[PDB]
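In the deposited numbering, the protein residues as written are 2 to 90. Beta carbons are placed, not taken as given, at the ideal position from N, Cα and C, and that holds for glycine. These notes are about the structure you will find just below.
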């Protein structure tokens, strides 16, 4: 009963703008949910957003559903448009 990202993996990934990503991953660090190890994963910059997203959305969920909370929240303030399909409440 906790796999929002998973199902919504096709949405966030095929929508999130290269911009929000920079502002999103930045917020994560603030909470210190990730680690210099993961932070490096994304920084590596693979290719098109489709790639930089798949890793960002994944790395989060990896840290358990406890992160999903701050994620959906930070995203709401960063993007109210996309957050629409993720603005459950």
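Euclidean distance between Cα positions of residue i and residue j
| i | j | result |
| --- | --- | --- |
| residue 6 | residue 72 | 10 Å |
| residue 2 | residue 25 | 25 Å |
| residue 23 | residue 79 | 10 Å |
| residue 14 | residue 67 | 20 Å |
| residue 31 | residue 10 | 23 Å |
| residue 38 | residue 88 | 30 Å |
Residue i vs residue j beta-carbon contact at 8 Å
| i | j | result |
| --- | --- | --- |
| residue 60 | residue 42 | yes |
| residue 86 | residue 12 | yes |
Nearest-angstrom beta carbon gap, residue j and residue i [assumed within contact, 8 Å]
| i | j | result |
| --- | --- | --- |
| residue 62 | residue 70 | Not quite, the Cβ-Cβ distance comes to about 12 Å (not below 8 Å), so this is no contact. |
For the 8 Å Cβ check, are there 3 or more pairs between the region 50-57 and the region 16-23? yes
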